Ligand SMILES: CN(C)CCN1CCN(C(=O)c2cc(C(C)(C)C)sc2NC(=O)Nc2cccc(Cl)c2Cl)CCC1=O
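To begin, one chain is listed below as structure tokens, in the form deposited without the named molecule.
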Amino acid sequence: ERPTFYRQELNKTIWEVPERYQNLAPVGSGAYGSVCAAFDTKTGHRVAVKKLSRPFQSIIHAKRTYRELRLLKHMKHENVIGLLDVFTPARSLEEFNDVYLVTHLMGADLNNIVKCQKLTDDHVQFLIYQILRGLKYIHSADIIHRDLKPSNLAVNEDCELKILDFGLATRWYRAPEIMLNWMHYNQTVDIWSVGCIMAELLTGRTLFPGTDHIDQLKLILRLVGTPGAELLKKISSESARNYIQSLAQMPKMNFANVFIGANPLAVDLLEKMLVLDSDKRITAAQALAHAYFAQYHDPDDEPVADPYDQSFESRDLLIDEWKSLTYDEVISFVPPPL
């Protein structure tokens, strides 16, 4: 059931794709590979086709390519991008060189939405509800997104949202424990990002737009207060602890004064997300049950993920072993239904 491929050079890269994909037109992109928008004649939708650049160049890359393919094959949720298709022109493992990924194609991200209209409080409720619902799913597979920000959130005309572009340039949405490498970090770095996104949707202002790491830490500590002893004990680096203790102590601000005029249930949820100690931050599942989302919350329609086996991260393999495992994964891909 190998399709018919056709090859065509555009922007000095050869694209060799099944004929179901028509009207390929470049849109970038960067270090991981080039992407074209295309029309998928099987499904009737527009899609993004990504050609991986040099997927098997070193051990680090071959493993990275395998990691991304494993992750994308696994993610099956309304609010998380999934893999529509993956293919190679290769007919055998011998001859295997290129990998192409197909996904849905984002019209607008969240910045475009904010740019073309004023969001109501109800829009912010639905948008954030959908992020947390996606996140509940991701986190239940022991996956951490690590790079949530407005431009990694696709949003359509119906205000339906999907989370894109997992890690793995804007630092403003990043939890401080990872920004300054304080510790072995957990899933709630993503909740910190949601708090930053939601605060900015409510006020129109970026919450922590620091010009460098220190400046941003100072903006953050000003709002949430300097760390107490309990958090200080959990910072692994002595230099990090030492730098932190050199700061003048600062109390937590009253969030009602910071977010004047916002729905008080919104502000309350922000205080649950923007907590410096990541062990005290609200989880995605808990956030979905918050009175802020009473119009959208449905505990029977908030699924978790199948178990996701990441024991491959520990394997020590040759380039050709990563590449052959990647090939297996291309061969076993089953597309979404109808």
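In case it trips you up, residue 1 is the first one in the sequence shown, and so on.
The following text describes the form solved in complex with the named molecule, which does not appear among the structures shown.
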{"query": "Open vs blocked, site of the named molecule as found in the deposited bound form, superimposed, 2.4 Å to backbone or C-beta", "finding": "blocked"}
{"query": "Heavy atom of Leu101 within 4.5 Å of the named molecule in the deposited bound form", "finding": "yes"}
{"query": "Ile144 within 4.5 Å of the named molecule in the deposited bound form, heavy atoms", "finding": "yes"}
{"query": "Any non-hydrogen atom of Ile138 within 4.5 angstroms of the named molecule in the deposited bound form", "finding": "yes"}
{"query": "The named molecule contact at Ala284 in the deposited bound form, heavy atom, 4.5 Å", "finding": "no"}
{"query": "Neighbours of the named molecule in the deposited bound form among 192-218 [non-hydrogen atom within 4.5 angstroms]", "finding": "none"}
